[PDB]
Peer 1: 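Would you mind keeping the following structure in view while I ask a few things?
Values below: every heavy atom of this structure, side chains too, minus hydrogens, waters and symmetry copies. Labels below follow one simple rule: chain letters A, B, ... track the order of the sequence lines, proteins then strands, and each chain is numbered from 1.
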Amino acid sequence: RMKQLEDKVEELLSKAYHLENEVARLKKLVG
Amino acid sequence: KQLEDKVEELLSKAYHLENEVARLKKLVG
Amino acid sequence: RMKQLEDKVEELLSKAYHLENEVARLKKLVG
């Protein structure tokens, strides 16, 4: 279970990462 | 709309994970 | 191990609140 939650926080930090990228692109696009 | 829904999801998955982590904490100290 | 998982969770939750607030900011900017 410890490994399960460690793998889950990494997955979600990765997702956050890509979303922050999308936020930056949206900001550019909406000018 | 696609970003709204993914952040909605992230927020629910992160809150769920926080609860599980807190439970695991009780076991491990 | 435990404290590293807890820290990463806090990292994540702050990230997700910031994303939540950026989404709101963008919705407004799109009109």
Peer 1: Kindly give the heavy-atom pair with the smallest separation between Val30(A) and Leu29(C), and that separation in Å.
Peer 2: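 Closest approach of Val30(A) to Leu29(C), heavy atoms only: CG2-O, 3.8 Å.
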Peer 1: Would you give the length of the straight line joining atom CD of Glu10(C) to atom CG of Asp7(C), rounded to the nearest 0.5 angstrom?
Peer 2: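 These two atoms lie 8.0 Å from each other.
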Peer 1: For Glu22(C), is there an ion pair with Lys27(A) - N to carboxylate O distance below 4.0 angstrom?
Peer 2: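 Salt bridge between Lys27(A) and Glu22(C), a charged N being under 4.0 Å from a carboxylate O: yes.
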Peer 1: From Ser12(B) OG over to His16(B) NE2, what is the distance, rounded to the nearest 0.5 angstrom?
Peer 2: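 NE2 of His16(B) is found 8.5 Å from OG of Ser12(B).
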Peer 1: Between atom CD of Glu6(C) and atom CG of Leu24(B), what is the distance when rounded to the nearest 0.5 Å?
Peer 2: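 The CD atom of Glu6(C) sits 9.0 Å away from the CG atom of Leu24(B).
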Peer 1: Nearest heavy-atom pair of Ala16(C) and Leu10(B): which atoms, and what distance?
Peer 2: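 That closest heavy-atom pairing would be CB-CD2, 3.8 Å.
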Peer 1: Less than 4.5 Å apart, any side-chain heavy atom of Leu19(C) and any of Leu11(B)?
Peer 2: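 The answer is no; the side chains never approach within 4.5 Å.
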Peer 1: Is there a side-chain contact between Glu20(C) and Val23(C), using heavy atoms and a 4.5 Å cut-off?
Peer 2: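 No. Closest side-chain heavy atoms not under 4.5 Å.
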Peer 1: Please step through side-chain contact (heavy atoms from CB on, under 4.5 Å) for the pair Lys8(A) and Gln4(A), ending with a clear verdict.
Peer 2: CA-CA 6 Å; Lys8(A) 185 58 50 163; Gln4(A) 183 190 12; over 6 Å; no
